[PDB]
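As structure tokens, one chain now follows by itself in the form deposited in one PDB entry.
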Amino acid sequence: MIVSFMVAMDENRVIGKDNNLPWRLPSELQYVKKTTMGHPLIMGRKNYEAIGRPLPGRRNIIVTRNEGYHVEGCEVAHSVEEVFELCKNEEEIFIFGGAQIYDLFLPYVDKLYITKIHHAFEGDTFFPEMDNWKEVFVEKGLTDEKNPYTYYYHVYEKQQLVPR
């Protein structure tokens, strides 16, 4: 099962503030929605609560220590093992939100769906750093009136290597 990340980022690798996104990008969010369509959404509790509601078209799997955490139209996992368990028959998943959720799926990550907004915002949350990788795709995001920022979509798959 392909373990993919889906993050929208910043100049300073900002991916949030008190809980929500510092930017308002309906186009970006559409590219997000389309890309992950058909695949589960792996996201932490405070993250999903930022999102606000179950994103349709995909298994909404949530992560939390809380054994007694439930939320309608959503699956909940207390372990990475329990996510891999749930998504055992999945061809690909998308790690979505919570900087600490990334660090849990870090050891397994396969593909990186990183958006980079060319600005410096004020944010509390940030994205863990990484050493590789290998960019396979790149496209600029639509800067409109409703997308008042310049940002590009960046895809990264693991860098191979020629046997010594």
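Take the two forms, find the largest set of C-alpha atoms that superpose within 1.5 Å, and that set is the rigid core. Residue positions are given as counts along the sequence shown, with the first one as 1.
Same protein, other form: the form deposited in another entry, not shown, and the subject of what follows.
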*asked:* After superposing the rigid core, is the C-alpha displacement of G38 2 Å or more between this form and the one not shown?
replied: no
*After the core is matched up, is the C-alpha of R24 off by 2 Å or more between this form and the one not shown?*
yes
*By the 2 angstroms cut-off, has the C-alpha of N60 moved between this form and the one not shown once the rigid core is superposed?*
no
*asked:* Can you confirm the direction of the Cα distance change for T125 and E72 in that other deposited form, closer or farther than in this form, given it is 3 Å or more?
replied: farther
*Is the CA-CA spacing of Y152 and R24 tighter or wider in that other deposited form than here, given a 3 Å or more change?*
farther
